[PDB]
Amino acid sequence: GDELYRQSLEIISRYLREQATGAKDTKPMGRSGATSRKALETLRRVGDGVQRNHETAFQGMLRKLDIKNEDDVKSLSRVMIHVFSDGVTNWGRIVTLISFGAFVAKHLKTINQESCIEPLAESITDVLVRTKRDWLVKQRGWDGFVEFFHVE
């Protein structure tokens, strides 16, 4: 994964953590911090929108997932792939994946399984980067992500 993986994990982890706790993290970004911060801002905008519009579906999937513990979270990867790996690859679906990740994170905060949020992010990142790698590189990665949702 290297740089694309590191950057993906940092963005997804910060977004899920921020979404769960309502507090902004204060530590500096590794490399290309400018792009990670821009991607995070983009994610707050479009991701909060997708969580608002897909509330019914997100609730249904979360209920279906019956997440109660570290094992339940550790078990999600094949379900993520089950939905995500079928169909067309586009930024909207990637956003659906991450923003739903945030939704689950908020739910883990509710049941005091916040420790589970970091592996969840690690799991989402692994799913995204491993399965959609060539598509992401082709799209210029997170820079492409930002440019796709740039509101001029």
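Numbering starts at 1 and runs along the sequence shown. C-alpha atoms forming the largest set that superposes within 1.5 Å between two forms make up the rigid core.
Taking the root mean square of CA deviations in 6 other deposited structures of this protein after fitting on the rigid core, 20-28 and 5-13 differ, and the farther of the two is 20-28. In terms of root mean square C-alpha deviation after superposing on the rigid core in 6 other deposited structures of this protein, the stretch standing farther out between 60-68 and 83-91 is 83-91.
The question of which stretch, 18-26 or 126-134, has the higher mean Cα B factor is settled in favour of 18-26. Here 94-102 and 110-118 are compared by their mean Cα B-factor, and 110-118 comes out higher.
By the numbers in the PDB entry, the CA B factor is greatest at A34 among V83, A34, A57, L40. In this PDB entry, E152 carries a Cα temperature factor that places it within the highest third of its chain's modelled residues.
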